[PDB]
**Student:** 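If you scroll down you'll find the structure; I have some questions about it.
The figures here come from the full heavy-atom set of this structure, side chains too, leaving out hydrogens, waters and symmetry mates. Read the numbers this way: they start at 1 and go in the same order the structure lists the ligands and their atoms. We number each residue from 1, following the sequence as shown.
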Amino acid sequence: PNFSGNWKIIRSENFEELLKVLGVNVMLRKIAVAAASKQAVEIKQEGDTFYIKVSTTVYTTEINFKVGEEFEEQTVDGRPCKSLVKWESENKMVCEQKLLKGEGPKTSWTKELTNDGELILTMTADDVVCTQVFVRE
Ligand SMILES: *C/C=C(C)/C=C/C=C(C)/C=C/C1=C(C)CCCC1(C)C
């Protein structure tokens with residue numbers, strides 16, 4: 001594969017419905033949808049080690065992991081979790097998450113590089129799947 005690059009969002013679907021499952025109230029959901037439309041992702045991949053920076057206009061967060069090794073990050077709605085990334089194929093990885101504290105919907109995410117040069121991110125809470133599509137800058 002190779003996920004390395006600077007990626008800019010071109011499409012974002014079902015993000016509000018995801019936030020709704022996660023308990024976010026309507027006005028905040030609308031503002032978060034707007035923020036998501038400015039999302040940028042920077043990736044550096046070395047073998048199965050990933051450094052990922054996801055940002056919007058006013059916020060930035062860094063995700064560092066190695067495939068197959070547990071790490072800590074946060075769920076979409078901001079709750080600390082334990083995460084584990086595995087490959088599903090040559091160019092797709094899937095992350096399963098578990099809340100460090102309490103209960104909540106079952107969340108996960110995937111990243112995929114398509115043959116047409118897009119990066120597809122999916123984020124899931126229970127039955128609801130958000131799909132976001134990026135292209136290289
Ligand atoms: C591997 C790529 C991942 C895990 C991308 C994670 C992206 C986020 C957690 C972004 C979340 C956002 C919200 C929850 C609302 C505001 C808009 C975003 C895109 C910053």
Side-chain angles (χ1 to χ4, degrees):
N2 213 285
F3 287 85
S4 299
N6 300 283
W7 297 90
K8 70 175 167 186
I9 191 160
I10 58 164
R11 195 158 68 246
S12 180
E13 292 173 271
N14 228 32
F15 188 52
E16 183 178 1
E17 291 89 334
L18 185 76
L19 295 180
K20 192 175 176 179
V21 164
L22 292 166
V24 182
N25 271 341
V26 59
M27 173 161 6
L28 270 43
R29 301 199 300 262
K30 299 305 189 178
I31 288 154
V33 163
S37 79
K38 297 303 184 197
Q39 190 177 349
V41 179
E42 166 182 356
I43 299 181
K44 177 168 85 128
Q45 176 188 359
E46 299 175 341
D48 66 3
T49 300
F50 291 79
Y51 157 81
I52 300 179
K53 193 176 83 168
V54 180
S55 66
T56 181
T57 311
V58 305
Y59 206 89
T60 179
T61 180
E62 284 172 334
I63 302 170
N64 314 277
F65 65 86
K66 177 166 189 258
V67 172
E69 299 190 358
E70 183 185 277
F71 64 107
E72 291 182 28
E73 56 173 345
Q74 306 191 344
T75 61
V76 167
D77 65 291
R79 291 177 80 183
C81 61
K82 295 280 202 189
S83 289
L84 179 57
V85 170
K86 304 189 185 190
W87 297 104
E88 171 185 315
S89 56
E90 180 174 358
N91 303 294
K92 185 170 182 168
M93 69 197 67
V94 50
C95 183
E96 300 294 342
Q97 296 172 328
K98 179 162 214 56
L99 288 173
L100 279 164
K101 297 197 181 190
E103 320 305 318
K106 179 159 167 155
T107 62
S108 60
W109 61 253
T110 70
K111 281 202 188 65
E112 178 184 18
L113 255 196
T114 73
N115 276 45
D116 298 323
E118 300 184 325
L119 172 78
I120 302 187
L121 166 73
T122 76
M123 290 154 134
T124 300
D126 289 326
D127 56 291
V128 175
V129 184
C130 168
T131 300
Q132 296 186 317
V133 178
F134 303 75
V135 299
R136 294 173 184 284
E137 267 175 8

**Student:** With rounding to the nearest 0.5 Å, note down the distance linking CG in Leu22 to CG in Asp126.
**Tutor:**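 Answer rounded to 0.5 Å: 8.5 Å.
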
**Student:** At less than 4.0 angstrom from any non-hydrogen atom of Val54, what atoms of ligand 1 do you find?
**Tutor:**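 Close to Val54: 5 (C), 7 (C).
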
**Student:** Determine the minimum heavy-atom distance between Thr122 and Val129, stating which atoms define it.
**Tutor:** CB-CG1, 4.1 Å

**Student:** Which value, rounded to the nearest 0.5 Å, describes the distance between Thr57 atom OG1 and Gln39 atom CD?
**Tutor:** 11.0 Å

**Student:** Tell me which part of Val41 gets within contact of ligand 1: side chain, backbone, both or neither, using heavy atoms under 4.0 Å.
**Tutor:** neither

**Student:** Is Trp109 linked to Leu100 within one hydrophobic cluster, defined over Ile, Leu, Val, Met, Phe, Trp and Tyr using a side-chain heavy-atom separation of less than 4.5 Å?
**Tutor:**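 No.
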
**Student:** Write out the residue and atom name of the closest protein heavy atom to atom 20 (C) of ligand 1, then the distance separating them to 0.1 Å.
**Tutor:** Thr56 CG2, 4.1 Å

**Student:** Does the distance from a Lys or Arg side-chain N to an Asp or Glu carboxylate O, for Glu137 and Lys8, drop under 4.0 Å?
**Tutor:**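 No, this pair does not count.
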
**Student:** I'd like to know whether ligand 1 has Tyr59 as a neighbour, heavy-atom separation below 4.0 Å.
**Tutor:**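 For ligand 1, residue contact (heavy atoms, under 4.0 Å) with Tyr59 is absent.
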
**Student:** Tell me: protein heavy atom nearest atom 12 (C) of ligand 1, and distance?
**Tutor:** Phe15 CZ, 4.0 Å

**Student:** In terms of atom number and element, which parts of ligand 1 are under 4.0 angstrom from non-hydrogen atoms of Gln39?
**Tutor:**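 Near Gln39, meaning under 4.0 Å from one of its heavy atoms, ligand 1 has 7 (C), 19 (C).
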
**Student:** Which residue holds the protein heavy atom closest to atom 14 (C) of ligand 1, what is that atom called, and what is the gap in Å?
**Tutor:** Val76 O, 3.1 Å

**Student:** Scan the protein's non-hydrogen atoms and note whether one is under 4.0 Å from atom 17 (C) of ligand 1.
**Tutor:** yes

**Student:** Return a table of donor-acceptor pairs under 3.5 angstrom between the side chains of residues 46-56 and protein atoms on other chains or two or more places apart.
**Tutor:**
residue	atom	partner	partner atom	Å
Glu46	OE2	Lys44	NZ	3.2
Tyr51	OH	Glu62	OE2	3.0
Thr56	OG1	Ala35	O	2.8

**Student:** Which distance, rounded to the nearest 0.5 Å, do you find between the CG of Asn64 and the NZ of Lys66?
**Tutor:**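 One gets 14.0 Å once the value is rounded to the nearest 0.5 Å.
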
**Student:** For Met123, state whether at least one heavy atom is located under 4.0 Å from any atom of ligand 1.
**Tutor:**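 The answer is yes, since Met123 has a heavy atom less than 4.0 Å from ligand 1.
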
**Student:** Heavy-atom distance to atom 3 (C) of ligand 1: which of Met93, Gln132, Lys111 wins?
**Tutor:**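 Looking at heavy atoms only, the winner is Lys111.
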
